[PDB]
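Asker: Quick one: the structure is below, and I'll ask about it shortly.
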Amino acid sequence: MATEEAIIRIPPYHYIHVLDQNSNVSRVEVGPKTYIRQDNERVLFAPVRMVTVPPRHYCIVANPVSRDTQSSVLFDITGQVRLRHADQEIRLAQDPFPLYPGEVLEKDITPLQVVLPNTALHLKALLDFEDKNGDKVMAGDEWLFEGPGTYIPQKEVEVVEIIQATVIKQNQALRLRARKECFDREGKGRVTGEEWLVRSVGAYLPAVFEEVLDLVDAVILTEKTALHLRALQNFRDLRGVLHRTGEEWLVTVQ
Amino acid sequence: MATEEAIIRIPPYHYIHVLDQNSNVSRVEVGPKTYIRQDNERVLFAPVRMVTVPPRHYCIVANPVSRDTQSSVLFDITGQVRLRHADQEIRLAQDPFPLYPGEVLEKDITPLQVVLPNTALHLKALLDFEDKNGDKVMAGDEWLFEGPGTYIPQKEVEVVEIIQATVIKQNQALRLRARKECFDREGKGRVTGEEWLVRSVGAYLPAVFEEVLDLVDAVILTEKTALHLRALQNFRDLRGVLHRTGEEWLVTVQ
Amino acid sequence: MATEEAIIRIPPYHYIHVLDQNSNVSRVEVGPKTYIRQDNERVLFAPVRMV
Numbered sequence: 001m002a003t004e005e006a007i008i009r010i011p012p013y014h015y016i017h018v019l020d021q022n023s024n025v026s027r028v029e030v031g032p033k034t035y036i037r038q039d040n041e042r043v044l045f046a047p048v049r050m051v052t053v054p055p056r057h058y059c060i061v062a063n064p065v066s067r068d069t070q071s072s073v074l075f076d077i078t079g080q081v082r083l084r085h086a087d088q089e090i091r092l093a094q095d096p097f098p099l100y101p102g103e104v105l106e107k108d109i110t111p112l113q114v115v116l117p118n119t120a121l122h123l124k125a126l127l128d129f130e131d132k133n134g135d136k137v138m139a140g141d142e143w144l145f146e147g148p149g150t151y152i153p154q155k156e157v158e159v160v161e162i163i164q165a166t167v168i169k170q171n172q173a174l175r176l177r178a179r180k181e182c183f184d185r186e187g188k189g190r191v192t193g194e195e196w197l198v199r200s201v202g203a204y205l206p207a208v209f210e211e212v213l214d215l216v217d218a219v220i221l222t223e224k225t226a227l228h229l230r231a232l233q234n235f236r237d238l239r240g241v242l243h244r245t246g247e248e249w250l251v252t253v254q
Numbered sequence: 001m002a003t004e005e006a007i008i009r010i011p012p013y014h015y016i017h018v019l020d021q022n023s024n025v026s027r028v029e030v031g032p033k034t035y036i037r038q039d040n041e042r043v044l045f046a047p048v049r050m051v052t053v054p055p056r057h058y059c060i061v062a063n064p065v066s067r068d069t070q071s072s073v074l075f076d077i078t079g080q081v082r083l084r085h086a087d088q089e090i091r092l093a094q095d096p097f098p099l100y101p102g103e104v105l106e107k108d109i110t111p112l113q114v115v116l117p118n119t120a121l122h123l124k125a126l127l128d129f130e131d132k133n134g135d136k137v138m139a140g141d142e143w144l145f146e147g148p149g150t151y152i153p154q155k156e157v158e159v160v161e162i163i164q165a166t167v168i169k170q171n172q173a174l175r176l177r178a179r180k181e182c183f184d185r186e187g188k189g190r191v192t193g194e195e196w197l198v199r200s201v202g203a204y205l206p207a208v209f210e211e212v213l214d215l216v217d218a219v220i221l222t223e224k225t226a227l228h229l230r231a232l233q234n235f236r237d238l239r240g241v242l243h244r245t246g247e248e249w250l251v252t253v254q
Numbered sequence: 001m002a003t004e005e006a007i008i009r010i011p012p013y014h015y016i017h018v019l020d021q022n023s024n025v026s027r028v029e030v031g032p033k034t035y036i037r038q039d040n041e042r043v044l045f046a047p048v049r050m051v
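This is the structure:
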């Protein structure tokens with residue numbers, strides 16, 4: 001049922017064979033095994049399936065522009081005996097090992113990285129529970145990423161990156177419409193659909209928050225000015241004074 | 001009555017045979033058995049039925065985009081001995097076992113998820129009596145789903161998801177048309193067609209409740225205002241005062 | 001280098017195969033082995049010589 005593949009094949013190039021003949025026993029998940037190699041394909045078996053592949057790489061161009069794929073877990077160690085054709089895998093520069101037969105759902109993502117005010121990352125869990133350092137994740141909820149580098153492009157789909165809000169003290173303050181049961185990332189106060197005030201200078205929008213609008217104060221250290229305000233919910237102002245809706249006050253150099 | 005199917009067939013591909021020849025005795029519900037497999041289909045029997053199939057899979061692409069089907073329970077354990085062609089099944093990634101002969105009612109549903117205020121799930125029982133953990137459902141009534149994860153798309157047809165209502169305190173409160181003998185899902189009072197008021201902030205319409213309108217309050221902490229009211233049923237107000245229909249009172253900074 | 005010799009063959013009849021592939025070790029002088037037999041010649045190896 002086939003011919004001797006005694007063909008010349010170049011060193012970085014790829015070729016898929018014995019896809020038709022039997023595969024291994026036990027947990028050794030070598031299915032129909034194949035080879036990417038330098039030499040002439042001398043073929044000891046004619047029954048073997050022949051798949052015409054000229055150009056292919058296993059090259060991860062430095063750490064930038066890296067790759068992912070369907071796990072083809074053929075080699076293992078004394079610690080990680082991973083599920084082969086059940087899981088999906090992600091790759092860095094540290095993988096210049098040659099290609100396999102059971103690979104699907106893959107491309108080449110460039111590892112984008114961002115730091116502090118620069119930008120943030122709005123990850124979630126597409127099906128993940130506990131894939132990252134030092135503890136465990138709960139359902140399909142969402143995390144914040146602020147500071148230096150990047151991470152694994154796996155088991156999380158990021159909502160987006162967020163270009164944060166920037167606040168120049170006295171002239172500015174930030175409004176933040178809480179969106180879920182959202183606990184305040186900056187204090188104990190929280191309620192869905194509610195409104196927020198940022199008194200800190202140039203800070204970031206936590207995943208649950210939302211930059212509504214940036215609101216500039218009216219300057220009233222002036223003996224020649226006072227503010228006319230209408231309390232809109234029952235509360236205490238910045239200066240801690242009991243206030244009921246509709247009530248009207250004027251604020252002035254206190 | 002047929003030919004030797006000695007044909008080459010790829011590892012994840014599927015083929016249907018012996019659909020014409022006799023089936024098993026006793027509870028072993030193997031009918032005309034078939035095989036999805038890696039190797040060459042050597043067929044020791046010519047009488048066999050040949051169902052021409054190139055591309056197929058048992059691929060449940062991670063937990064998302066998963067699949068269900070008409071049951072085919074050939075392998076069982078000690079804890080489970082199932083009816084194979086009466087029932088109907090639902091499947092996740094945790095089942096990459098091959099295909100069968102009795103497959104009829106199936107597709108590729110992505111197990112959509114929603115959590116907290118975000119959205120709700122208006123589940124009903126299409127035929128079901130007790131399909132879910134730690135107890136037993138009464139006929140084809142309706143539940144709600146609120147918080148973290150998803151579940152089994154099986155014995156329950158969902159009415160819809162429900163993008164909930166949202167109320168901002170003193171400015172707002174909700175109206176809810178109770179539609180069944182509906183017991184109040186936030187209190188004790190109840191009656192069909194009746195009218196409700198939501199006094200909590202940003203919440204969710206339970207299954208029997210219906211979002212009518214959200215009603216904003218008139219600001220009357222004003223010394224220059226009072227509200228003219230007309231009691232439409234015999235009752236006691238927010239402030240717990242005896243009222244009768246027709247009756248008119250005015251409400252002012254109390 | 002050849003085809004699956006899945007052919008029908010009669011009981012007293014004869015056929016010569018695996019003439020091309022390797023032969024045995026030691027004093028067991030089976031070279032390119034063959035078979036005369038009753039059944040259908042299912043051939044697990046395609047490289048086999050067909051006579």
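Residue numbers (PDB author numbering), protein chains in the order written: chain m, 1 to 254; chain A, 1 to 254; chain I, 1 to 51.
All C-beta atoms, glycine included, are put in the ideal place defined by N, C-alpha and C.
1) When you compare the CB of m/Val191 with every CB in chain A, is at least one pair closer than 7 Å?
2) A/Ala62 touches chain D at which residues, Cβ-Cβ below 8 Å?
3) Looking at the strands, I want to know which residues DSSP matches up with m/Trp143.
4) At what residues does the beta strand (DSSP E) containing A/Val160 begin and finish?
5) Taking 7 Å as the threshold (C-beta atoms), are m/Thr110 and m/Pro64 in contact?
6) If we ignore side chains and look at the alpha-carbon of each, how far apart do m/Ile36 and A/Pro55 end up?
7) Straight-line CA distance for m/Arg27 to I/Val51?
8) From what residue to what residue does the beta strand (DSSP E) around A/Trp249 run?
9) Taking 8 Å as the cut-off, does the stretch 185-194 of chain A touch the stretch 146-153 of chain A (at least 3 CB pairs, one atom from each stretch)?
10) Based on DSSP bridge pairs, tell me the residues matched to m/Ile90.
11) Against I/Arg42, what residues of chain A qualify as contacts under a CB-to-CB distance less than 7 Å, listed in chain order?
12) If you reduce the DSSP assignment to three classes, tell me which class A/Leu116 lands in.
13) Near m/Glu158, which residues of its chain fall below 6 Å by C-beta distance, leaving aside the five closest residues on each side in sequence?
14) Express the C-alpha separation of m/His14 and m/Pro47 in angstroms, rounding to a whole number.
15) Are the beta-carbon atoms of A/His228 and A/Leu250 separated by less than 7 Å?
16) Just list the residues that DSSP pairs A/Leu229 with in beta bridges.
17) Report buried or exposed for m/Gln21, applying the criterion of at least 16 other Cβ atoms within 10 angstroms of its Cβ.
18) Note the first and the last residue of the continuous beta strand (DSSP E) segment covering m/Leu19.
19) If contact means a Cβ-Cβ distance below 7 Å, which residues of the stretch 5-17 of chain A contact chain I?
20) Name the chain A residues whose beta carbon is nearer than 9 Å to that of m/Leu19?
21) Just to confirm before moving on: does the CB-CB distance between A/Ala231 and A/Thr245 stay below 7 Å?
22) Would you verify that the beta carbon of m/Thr245 is, or is not, closer than 7 Å to some beta carbon of chain A?
23) Would you say I/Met50 faces chain m, with C-beta separation under 7 Å as the test?
24) Take m/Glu142 and list the residues in its own chain whose beta-carbon comes closer than 6 Å to its own, dropping the five residues that flank it on each side.
25) Chain m beta carbons: is any one of them nearer than 7 Å to that of A/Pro117?
26) In whole angstroms, what separates the C-alpha of m/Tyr100 from that of m/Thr34?
Answerer: The answer reads as follows:
1) Yes, its Cβ sits closer than 7 Å to a Cβ of chain A.
2) Of the protein chains in this structure, namely m, A and I, none is chain D.
3) Answer is m/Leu123.
4) Counting along the chain, the beta strand (DSSP E) containing A/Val160 begins and ends at 158-161.
5) With respect to the 7 Å criterion, m/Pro64 and m/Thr110 are classified as neighbours on the basis of their beta carbons.
6) Near 26 Å, if we compare the C-alpha coordinates of A/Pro55 and m/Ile36.
7) Using only the alpha carbons, I get a separation of about 41 Å.
8) Segment 248-251, the beta strand (DSSP E) holding A/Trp249.
9) Under the Cβ criterion (8 Å, minimum of three pairs), the stretch 146-153 of chain A does not count as touching the stretch 185-194 of chain A.
10) Bridge pairing for m/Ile90: m/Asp68 [DSSP].
11) The answer, in chain order, is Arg42.
12) Here A/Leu116 sits in helix by DSSP.
13) Within the same chain, m/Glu158 has close Cβ partners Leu121, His122, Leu123.
14) Going by the C-alpha atoms only, they are around 20 Å apart.
15) Contact: yes.
16) Under the DSSP definition of a beta bridge, A/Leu229 partners with A/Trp249.
17) Counting the other Cβ atoms within 10 Å of the Cβ of m/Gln21 gives 16 or more, which makes it buried.
18) From DSSP, m/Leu19 is part of no beta strand (DSSP E); its letter is neither H nor E.
19) Cβ contacts with chain I: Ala6.
20) Those are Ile10, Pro11, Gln38, listed as they occur along chain A.
21) Yes, Cβ-Cβ distance for A/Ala231 and A/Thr245 is below 7 Å.
22) Answer yes: the Cβ-Cβ gap between m/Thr245 and chain A drops below 7 Å somewhere.
23) With a threshold of 7 Å between beta carbons, I/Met50 makes no contact with chain m.
24) Same-chain partners within the cutoff: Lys124, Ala207.
25) Yes, contact with chain m.
26) One C-alpha to the other measures close to 6 Å.
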